[PDB]
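Data block below; observations after.
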Amino acid sequence: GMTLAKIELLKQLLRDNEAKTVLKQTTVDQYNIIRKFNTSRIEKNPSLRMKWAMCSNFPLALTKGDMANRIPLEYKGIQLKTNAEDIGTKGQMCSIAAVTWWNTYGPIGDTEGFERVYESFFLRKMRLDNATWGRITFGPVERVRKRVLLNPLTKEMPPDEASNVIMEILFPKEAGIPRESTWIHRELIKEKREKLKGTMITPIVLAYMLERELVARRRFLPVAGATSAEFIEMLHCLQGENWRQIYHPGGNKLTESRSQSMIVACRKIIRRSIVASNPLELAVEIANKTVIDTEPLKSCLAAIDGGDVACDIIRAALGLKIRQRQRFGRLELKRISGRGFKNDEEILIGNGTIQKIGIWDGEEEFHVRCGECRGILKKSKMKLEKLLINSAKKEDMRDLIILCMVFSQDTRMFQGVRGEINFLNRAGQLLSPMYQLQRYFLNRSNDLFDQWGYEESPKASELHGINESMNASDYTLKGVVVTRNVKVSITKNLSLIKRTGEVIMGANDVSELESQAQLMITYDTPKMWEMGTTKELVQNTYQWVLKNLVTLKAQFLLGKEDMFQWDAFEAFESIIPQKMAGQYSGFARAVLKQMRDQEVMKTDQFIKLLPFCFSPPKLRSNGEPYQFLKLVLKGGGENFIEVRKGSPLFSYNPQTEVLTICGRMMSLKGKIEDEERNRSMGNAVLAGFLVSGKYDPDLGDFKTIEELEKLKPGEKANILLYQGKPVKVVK
Amino acid sequence: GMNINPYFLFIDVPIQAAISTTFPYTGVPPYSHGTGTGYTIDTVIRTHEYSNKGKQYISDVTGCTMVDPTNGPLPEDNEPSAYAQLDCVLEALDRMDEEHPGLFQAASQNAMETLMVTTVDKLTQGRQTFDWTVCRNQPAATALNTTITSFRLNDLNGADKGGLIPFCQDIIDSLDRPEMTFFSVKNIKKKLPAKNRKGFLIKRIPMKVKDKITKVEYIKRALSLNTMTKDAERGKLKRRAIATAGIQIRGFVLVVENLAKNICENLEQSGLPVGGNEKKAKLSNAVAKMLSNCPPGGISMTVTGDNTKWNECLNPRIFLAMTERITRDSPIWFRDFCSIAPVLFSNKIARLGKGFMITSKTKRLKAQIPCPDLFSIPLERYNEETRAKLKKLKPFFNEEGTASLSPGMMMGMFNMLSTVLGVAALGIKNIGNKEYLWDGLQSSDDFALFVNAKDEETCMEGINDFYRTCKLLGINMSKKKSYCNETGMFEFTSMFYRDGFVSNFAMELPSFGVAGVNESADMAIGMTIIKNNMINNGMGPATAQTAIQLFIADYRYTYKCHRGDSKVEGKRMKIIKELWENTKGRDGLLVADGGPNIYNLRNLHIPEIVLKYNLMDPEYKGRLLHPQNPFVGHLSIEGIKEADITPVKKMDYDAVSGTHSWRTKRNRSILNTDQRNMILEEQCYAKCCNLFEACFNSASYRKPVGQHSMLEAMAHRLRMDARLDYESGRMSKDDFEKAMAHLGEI
Amino acid sequence: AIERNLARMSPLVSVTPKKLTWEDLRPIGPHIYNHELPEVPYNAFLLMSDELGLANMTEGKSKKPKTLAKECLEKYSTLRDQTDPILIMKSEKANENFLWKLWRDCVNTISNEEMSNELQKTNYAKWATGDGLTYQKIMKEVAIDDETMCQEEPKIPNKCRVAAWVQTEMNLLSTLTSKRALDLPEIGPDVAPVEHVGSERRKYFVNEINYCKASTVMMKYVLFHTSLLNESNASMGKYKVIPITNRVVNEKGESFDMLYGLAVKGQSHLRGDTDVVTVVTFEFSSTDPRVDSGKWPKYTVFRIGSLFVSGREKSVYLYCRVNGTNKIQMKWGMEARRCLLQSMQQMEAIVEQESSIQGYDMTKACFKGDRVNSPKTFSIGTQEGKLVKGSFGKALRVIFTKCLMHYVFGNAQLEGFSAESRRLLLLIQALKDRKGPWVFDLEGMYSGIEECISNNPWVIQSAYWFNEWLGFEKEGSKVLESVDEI
RNA sequence: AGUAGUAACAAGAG
RNA sequence: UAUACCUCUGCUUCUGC
RNA sequence: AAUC
């Protein structure tokens with residue numbers, strides 16, 4: 001036992017008066033102040049100082065111990081260390097040769113336990129060695145900035161919880177007051193104490209290695225397709241702004257992680273296939289050859305008893321049963337009867353703020369579940385009607401009631417959101433309203449039960465009631481009861497119909513949140529880009545237009561409406577908001593035909609609008625099409641094309657004859673008409689409108705689209721093309 | 001002939017695309033030489049030049065010359081105005097409170113609830129701090145400990161309670177103490193016996209002596225800011241002065257900065273404290289909104305903006321008035337707590353560097369004229385540049401050798417709260433219901449205003465209205481440096497937007513060099529900086545694979561550790577060549593031990609020790625990863641994971657702790673100097689703390705808590721350790737009775 | 001209250017904005033074209049274009065820095081044993097005898113059989129290193145009393161005009177050779193497909209630079225500054241002779257140990273980082289210093305033999321100079337290989353961007369030009385007031401040269417210039433993009449740019465190169481884009 | 001001398 | 001002065017938010 | 001199908 005030596009060293013220490021005064025005057029708080037006391041200033045230029053110091057004889061300091069003494073003073077003429085002591089360490093200063101001498105001829109220590117101590121790192125090597133790689137592919141990639149886990153953890157905990165667990169593993173006597181966490185991770189502590197038993201390595205090191213494999217490292221990174229930590233660690237080799245790399249990590253993968261991916265895979269198959277005709281036939285084509293990391297979407301949907309609306313529609317579309325389940329984080333549901341419809345309304349909450357939430361309308365019946373506890377839920381628009389739950393643990397019963405209360409979107413629930421905790425991220429991006437309401441009321445539940453209200457318990461033979469404390473009681477929660485008793489076909493347009501005639505799932509019901517997937521979202525067929533994002537699709541289309549411009553510009557002056565529709569443009573239309581798709585396609589087809597029929601042709605404008613002409617056009621009551629300044633696309637305020645100017649996604653430099661498409665430079669030189677040199681752009685800016693002369697001050701100010709559309713054919717007007725270029729145009 | 005021009009690339013590639021080539025970061029940064037007295041005095045003159053038309057008065061507390069520009073006459077010129085009008089600042093805040101409701105009182109709560117939990121040790125992480133006891137910039141950990149021990153002599157034990165709040169109460173009360181006593185160490189010669197022919201030896205034992213100063217002298221020392229020059233600051237021709245404040249003010253700045261930080265997080269038009277990929281997103285999303293928000297058939301212009309004399313114009317009395325309005329709902333003690341730091345800065349006194357070295361080229365002699373002796377010599381002796389400066393310093397100069405800098409914010413320190421005042425300018429949006437609309441972004445001196453309007457002639461009238469607003473806040477826009485254009489591309493804090501924030505590899509480029517921690521850490525850091533730049537700084541696989549070669553190149557020369565097979569001569573290389581010939585598993589050797597570089601794009605995230613572990617020889621890994629080896633010795637939770645990179649942000653890495661994770665010698669210059677006395681003072685604490693850690697093994701990981709005595713804790717710990725070891729059987733009757741006898745004496 | 005003050009405030013206070021137009025952009029630096037000023041002198045630490053390496057073919061493996069410089073001189077003994085000083089050029093404040101005696105003292109010391117490379121503290125070496133030239137510290141009370149002691153006026157950088165040698169340095173350093181200098185070590189094997197693309201990209205990117213002049217100078221600078229720092233810490237009190245070494249490999253694959261001169265490091269008791277250690281250089285050269293006299297006022301040049309460059313003979317010279325470095329600048333020498341990355345990244349961005357557009361690896365296309373696509377071309381420079389189209393490989397190296405010149409002439413003048421010239425570069429890019437740029441105080445913006453141009457060569461030449469490029473971008477944009485949609 | 005460039009180093013201290 | 005052709009020192013009187 |  002060390003005990004005697006510690007006390008007899010304390011006797012040595014207390015003999016010195018200056019040391020004795022320190023121990024008596026310093027508090028246990030103040031330890032942290034006196035530990036950091038030294039002469040050492042902070043090194044401002046460490047790269048310099050190290051490069052300098054390495055050229056000196058004896059730059060390294062050493063620890064005063066028996067092992068330090070086992071290093072000799074010289075070896076084969078080379079001085080390893082000097083008798084001169086270091087100020088801080090009180091040990092013989094040495095050269096970098098001593099390090100090499102130790103490693104070459106020193107004592108051979110105990111390496112038993114090392115692999116288990118530094119486990120966390122060896123699994124990163126395990127995830128590279130066992131892994132396999134796929135194809136490199138060059139082409140544009142949108143990369144979105146989002147907070148993600150940098151390294152995969154053994155068991156995630158808060159900073160205090162992980163620390164308290166660590167304390168129990170390494171320093172049990174000094175742990176102090178036990179918490180709930182003491183009990184919760186008892187298996188992990190028992191495992192880690194048995195694993196880290198035989199090792200000789202210092203506690204402070206061991207506690208650092210636990211902290212890495214318990215405490216979470218979450219920071220913002222640019223990502224695209226893969227969000228999972230086992231991918232995030234490899235991110236640098238997965239994707240660059242202009243390339244893609246397929247990667248498959250080793251070991252094992254999580255079941256939940258496979259669903260989060262699986263949803264977005266379906267969600268995009270549906271989001272693509274809607275605009276192209278025979279939506280089932282395109283969705284089947286893709287879905288038969290989609291891949292999640294290694295597993296195909298067919299096998300994932302078969303094995304996983306989860307998914308959403310989109311997953312069910314594809315599950316049907318391919319074949320086999322459809323699990324109508326909704327996972328609200330902890331809660332896991334299943335639909336008995338009723339069919340809801342989402343609606344966005346401005347809902348005032350308890351603290352005094354109004355935030356947009358997608359409210360569910362109509363009456364419904366669900367089969368709830370929360371760990372061990374079970375039940376059956378009934379609700380109407382913003383009201384919980386019934387909750388017939390079974391008896392289980394207090395925490396499982398309490399949280400299931402909180403999950404069901406939020407879910408129901410009750411007006412009583414929204415009034416008790418007091419304590420300013422809103423849903424808007426630090427980086428200017430809105431969090432999901434409903435999920436943030438769950439996390440608030442799970443911890444702060446006193447408002448929820450108080451603002452709900454109570455009533456009489458059920459007086460049946462099998463039915464009873466429970467109060468706020470989760471015990472059998474007379475005054476139960478208003479609409480809560482504790483009882484003792486525990487094929488389809490698919491359309492062309494992707495709606496699931498019952499044998500009778502009613503439609504259980506609709507294509508219009510799938511959620512429009514095109515979020516980041518968890519695992520590698522691969523498409524084994526060609527033309528993968530068709531399931532991408534706005535800037536990925538926008539570019540790849542315009543790249544394909546310029547690729548075939550020799551054919552497409554010729555065939556636009558021979559066949560009238562043969563090449564207005566093309567296999568590439570179907571995908572382009574899917575990122576146009578379909579409430580406007582026809583209106584843009586009316587304008588596009590009208591302005592392009594104005595350059596065909598008349599002599600005033602513009603190749604830059606042709607290439608810009610040629611992708612907009614797939615959709616069947618939708619004109620006004622007059623006959624004339626809809627006129628536009630910008631053609632707005634799906635998601636992000638920056639995403640649009642401009643008619644009368646250059647846009648963030650599409651602009652032209654006519655000096656160099658070079659086109660900028662989402663950043664990428666594209667040479668249009670040697671692919672232009674010579675008569676475009678001084679040809680005005682007003683003759684391809686409004687449909688059925690051409691330039692007479694230049695701005696006439698008698699005509700007045702520059703007239704707007706609404707004003708221009710409401711002019712008689714043969715009326716002159718003032719149009720500003722791009723800033724500082726006035727033009728005088730007639731209908 | 002043919003004249004090659006590098007600027008001719010800008011025909012083929014636009015400026016923003018190849019902006020990396022406009023940054024000369026392979027080159028050497030500018031450093032200062034000699035004193036920074038003239039640099040400081042120039043700041044002192046300039047600061048008072050912008051306020052001299054305000055209210056000049058004499059402080060009855062200190063006896064100093066004070067100037068006050070706040071609520072002063074408005075400027076009739078484009079020179080830097082410090083004359084900020086309180087009402088306009090309050091109205092700007094009121095608007096911000098309307099646009100962001102319930103924020104001020106919530107943030108005031110957040111910071112107040114933090115304050116209670118914040119310990120005294122929090123002051124130890126302030127780098128070099130001015131120690132008022134010895135008048136030197138010392139380490140924050142020491143500068144605190146000197147201040148705690150000196151307070152104890154004047155009956156001030158607030159630090160003993162453990163909370164910051166009583167220590168801050170002791171600081172405001174220490175001004176009231178008439179004579180402030182403190183320690184100063186002096187040497188006594190003592191005979192100690194020896195085998196020294198004459199059987200003894202003289203040893204200069206240090207001893208601490210009690211030393212007093214007056215109330216006013218202590219007030220001035222408490223209000224002192226020590227000034228240097230700014231070394232290694234990029235992209236500037238002439239050098240500038242900086243400052244370091246004392247331990248007293250440090251406590252009160254933390255809370256006022258935390259308060260403003262809480263506000264700056266929630267504000268939509270700020271790049272602080274948000275950084276890295278978070279700020280890259282926040283600005284990118286906030287651009288898209290403020291772009292597409294503009295009227296159709298109108299104009300949206302982005303003013304690429306920047307302020308001038310940012311620190312010199314902003315008065316402390318504005319910052320005082322800011323806190324009061326932010327804490328309006330919070331209690332009277334916290335309102336008074338927050339009001340101190342701006343009250344100190346309002347009455348601050350600036351120390352004047354080293355002095356002025358005077359010479360005679362004929363005689364070949366030199367001599368530093370120190371700050372107090374600046375006027376102990378005819379002004380004709382100084383050069384024309386310095387002669388003008390000293391004449392202008394006269395009314396503000398203090399006879400002790402300082403200058404009272406009542407206006408301005410030397411150093412700055414208040415970043416967040418000064419950024420909030422910027423955001424408050426951006427929050428106005430319009431004046432007189434005219435046909436323009438502005439909103440922007442902010443990071444202290446750097447702003448980026450957008451203006452949406454009908455035509456461009458209107459836009460410029462709105463930017464004038466923005467300019468004339470910011471004058472009333474004390475925020476002076478740089479007419480020279482700032483410039484405007486149509487929205488689409490701009491610059492902000494060296495981040496270049498051109499329909500998207502472009503990659504600028506030259507900014508990070510210096511960080512690719514060898515770090516200067518140790519062989520094990522620098523390897524891990526080196527491969528980490530590669531990995532990271534590939535992701536978010538746009539390094540392709542070829543350049544990344546080159547950087548792997550270029551790091552190892554510099555590593556092998558810096559640490560003198562070339563491949564064992566290579567015949568490059570060296571002291572270490574001689575043993576490295578023997579290691580190569582001895583060891584069988586030579587691919588398992590680390591580069592530091594002249595091993596081969598196994599690194600590549602895919603495995604940059606893994607530590608070299610972990611990669612090669614399987615291919616090492618048992619004897620090699622046994623020595624390399626020996627548990628009781630002397631090289632590492634004693635670690636700390638901050639030391640293993642984290643390391644500095646250049647405020648200086650401390651990044652983290654991963655590497656195994658083995659023989660190459662060593663430490664270097666202390667700077668031995670301290671041996672020659674009179675500060676020898678601190679060397680023993682350290683080793684006295686180190687002896688106590690290392691013994692404390694033997695009793696409490698969790699003291700390394702967890703910060704121990706306790707207002708009780710440090711000895712008391714150790715005694716009780718050792719008491720049970722004995723008793724339980726006896727009863728268990730680990731200790732005998734012989735040893736237990738010895739142990740119980742010793743603990744009785746203590 | 002804001003509006004209340006805004007009303008009563010004086011109209012004199014305003015931004016006073018003006019729309020920027022191409023004619024408002026006057027040429028930067030009037031003085032640099034003025035012929036009354038002296039031409040900017042060559043003031044680099046070592047030689048670059050003018051250097052001459054004494055090639056000793058070796059085994060390839062490393063040896064002592066004395067032993068290689070010895071055997072390098074053994075091969076070219078004619079120059080080694082040339083004792084007669086045939087002086088050509090002199091630096092105003094130089095000592096012909098001391099300098100030559102120093103060179104002879106070096107040559108013999110490298111030639112000798114002893115292990116040490118130490119040079120004796122002679123009467124000449126003490127002049128050439130500056131022994132005892134530091135001033136004496138005295139008591140403040142004495143200096144206060146002594147009426148002769150005064151604060152001296154500060155030394156300011158002089159104003160130089162444009163010099164052609166910088167242009168020619170750029171022209172020459174950019175150009176290819178048959179020799180490779182770089183010491184690029186091994187890496188791990190390529191398993192992933194991105195690593196194979198990265199490897200095949202390096203075979204074009206790295207070996208384009210490696211085979212140029214600028215690559216050899218860069219490597220020479222580094223390897224000198226690596227040993228120069230090493231001697232400076234270890235051998236503080238000792239005056240030591242260090243050779244200017246580089247190992248070079250040709251197209252055949254044969255290691256030629258080079259020697260571009262010899263140098264002598266002074267006494268190096270370097271406390272602060274900025275403390276100077278004076279280093280005396282002696283450098284071989286084919287260039288006649290009487291060609292460009294204004295290039296070499298800092299140098300003192302002898303003539304020491306002759307060498308046949310191929311058939312016709314070239315006279316060999318010895319460029320001597322008292323120079324100096326410091327701990328910071330020596331370190332930055334060791335981190336000067338990073339000049340590769342800053343230029344290689346920039347052009348890998350083009351390869352990556354062009355690979356996205358075409359959908360395959362557009363490396364081999366950009367340099368050589370494959371079946372589908374022609375080679376990528378860049379505006380490289382001028383030919384009697386006209387444009388010139390250089391290839392990818394050339395455009396890569398012109399950027400790489402600039403990154404080396406950012407080091408070689410890296411200082412307060414370059415940093416302050418580059419930053420302020422950027423502001424004007426961005427304003428030009430607005431006029432190029434037709435984004436209607438406005439400015440508030442252009443004269444004062446110019447003032448910040450123009451004050452940084454004094455006596456730094458790369459600053460002075462880049463002020464000219466700016467004004468040349470400006471002239472081309474002014475006539476391109478103001479003609480074509482002025483009248484189009486009218 | 002030279003390095004440097006608004007002021008230093010070209011050794012300091014006992 | 002003397003020891004001192006010795007001895008000690010190379011970011012440790014300045015380098016912040 | 002998001003939080004920390």
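In the structure tokens, the first chain shown is A, the next is B, and so on; residue numbers restart at 1 for each chain, and ligands run from 1 in the order shown.
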
Proximal residues of chain B relative to chain E (only C-alpha atoms (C1' of nucleotides); 9 Å) as a compact mmCIF listing (two decimals) with C-alpha atoms, in the first residue's frame:
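Dumped everything to part-v7.txt:
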```txt
# COMPACT_ATOMS: atom_id res chain seq x y z
CA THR B 35 10.02 50.56 -28.76
CA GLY B 36 6.30 51.21 -29.31
CA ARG B 127 -2.95 34.88 -21.75
CA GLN B 128 -0.48 37.66 -20.69
CA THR B 129 -2.14 40.05 -18.20
CA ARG B 136 4.95 43.81 -15.80
CA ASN B 137 2.81 41.81 -18.24
CA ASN B 226 0.16 48.34 -20.67
CA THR B 227 0.94 49.06 -24.38
CA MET B 228 2.99 47.09 -26.96
CA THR B 229 3.19 47.00 -30.78
CA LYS B 230 1.34 44.58 -33.06
CA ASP B 231 3.80 41.99 -34.45
CA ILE B 242 -2.01 47.27 -28.97
CA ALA B 243 -2.73 47.08 -25.22
CA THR B 244 -3.11 44.69 -22.27
CA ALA B 245 -5.37 45.46 -19.28
CA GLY B 353 5.70 51.37 -23.86
CA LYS B 354 9.46 51.26 -23.20
CA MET B 411 -7.03 47.33 -27.50
CA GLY B 412 -10.83 47.02 -27.87
CA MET B 413 -11.79 44.01 -25.72
CA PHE B 414 -15.49 44.91 -26.10
CA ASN B 415 -15.86 43.19 -29.51
CA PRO B 647 -7.59 35.88 -31.02
CA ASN B 667 13.56 29.47 -21.19
CA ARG B 668 16.62 29.77 -18.95
CA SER B 669 16.98 33.60 -19.36
CA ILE B 670 15.10 33.74 -16.02
CA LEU B 671 18.26 32.36 -14.28
CA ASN B 672 20.27 35.56 -14.98
```

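What separates atom CA of residue 499 of chain B from atom CA of residue 632 of chain A is a distance of 16.2 Å.
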
- With a distance threshold of 9 Å and counting only C-alpha atoms, extract the residues of chain A near chain C and express them as a PyMOL selection string. chain A and resi 47-48+51-57+132-141+237-238+240-243+245+539-540+543+653-655+663-666+676-682+693-694+721+723-727

If you take only C-alpha atoms (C1' of nucleotides) and a cut-off of 8 Å, which residues of chain A touch chain E, and what are their nearest atom pairs and distances in Å to one decimal, in chain and number order, as a Markdown table?
```
| residue | atom | partner | partner_atom | distance |
| --- | --- | --- | --- | --- |
| A:39 | CA | E:12 | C1' | 7.4 |
| A:40 | CA | E:12 | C1' | 7.3 |
| A:41 | CA | E:12 | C1' | 6.6 |
| A:43 | CA | E:11 | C1' | 6.8 |
| A:44 | CA | E:11 | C1' | 7.7 |
| A:49 | CA | E:11 | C1' | 7.8 |
```
